[PDB]
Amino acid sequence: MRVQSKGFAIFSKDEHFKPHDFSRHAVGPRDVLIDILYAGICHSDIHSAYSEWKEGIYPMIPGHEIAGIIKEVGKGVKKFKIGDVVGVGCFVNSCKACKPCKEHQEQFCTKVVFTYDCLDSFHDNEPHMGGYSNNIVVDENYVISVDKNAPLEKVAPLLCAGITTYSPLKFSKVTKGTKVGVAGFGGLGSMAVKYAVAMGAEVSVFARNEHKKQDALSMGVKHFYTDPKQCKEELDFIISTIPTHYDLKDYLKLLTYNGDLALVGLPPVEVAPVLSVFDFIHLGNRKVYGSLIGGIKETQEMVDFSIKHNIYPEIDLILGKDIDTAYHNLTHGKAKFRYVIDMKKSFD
């Protein structure tokens, strides 16, 4: 039997979100049915909702920062029981037979099923629906285990903001004394800041004004800039989470010899920056790479780490009916860090 669901859907790129009844695939012998308690809003939600990257699949239900409780399990499930506290991230399935799947980087699988705005090739190519909803059905190998005493409203954005920034920090070996820049001081940015500080880094933040400078300082940030040109120092590592137009050269030039610039931010495609061969050679010996989310394994490692060291996103709790207001704030320079939807209260 298909699982009945409800959530907050957008029907085309210029409309408002509305309550939407729908259904998901039946609980298969390896699936679990999760009741969703908290749903983080990521800026990827907005880019997808508005078709800023590509043409979206509508009706769309975004949200891929999911924290909840296991209500039901398929009969072959071994990794979870009813009552378990869990999280779901940016994808819910992959082919499990390719090189990326075998290397625990399922996010690069060519048959990866992202949580929303993506056809589910494992269920007759039906559109997958995200986390702005009351439940979700996920193959057990894509579910993150969460400590039952962790604050669940704070856990939810670890599922995307947390892994996406944790991953390149570890990949570039950020450690004690590493000079780290964080460009874009929002949901991902503040997680990058917290992890780099917990890792022993000396952290610089680049924002567009000083509205959150005190929160930066309170996080242990050593330099706060409102323009990359103000930074007079060479950095070893920079993570750019910027979701609007900018010039990659302004950051690449800040790096020391053999420094890394890790790109996670994803502006709309028509304004997204590029680097040419001439740019790399002019600013030579400074390395650039991209990072996409993380694998299931490293996502589990990151959640475990974050709960252990009490490293959580700064969140503001809202209801499903506030989604349009949250998206406005996030696109007009009015947001703080993460918004999180209290899904139980939204569905009274």
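Numbers for residues come from their place in the sequence shown, where the first is 1.
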Open item on the list: Comparing average C-alpha B factors as deposited, tell me which of 26 to 34 and 319 to 327 sits higher.
Closed with: 26 to 34
Task: Mean temperature factor over C-alpha atoms, higher-scoring stretch between 210 to 218 and 239 to 247 - done: 210 to 218
Task: Peak C-alpha temperature factor (PDB record), options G162, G184, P151, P268 - done: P151
TODO: Tell me which of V77, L275, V92, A262 tops the list for C-alpha B factor in the record.
DONE: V77
TODO: Tell me, lowest, middle or highest third: where does the Cα B factor of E55 rank within its chain?
DONE: highest
TODO: Select lowest, middle or highest to describe the third in which the CA B-factor of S306 falls within its chain in this entry.
DONE: middle
Task: Third assignment of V137 from its chain's C-alpha B-factors - done: middle
Open item on the list: Considering every modelled residue of the chain and its Cα B-factor in the PDB entry, is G130 in the lowest, middle or highest third?
Closed with: middle
Task: Chain thirds of CA B-factor: placement of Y166 - done: lowest
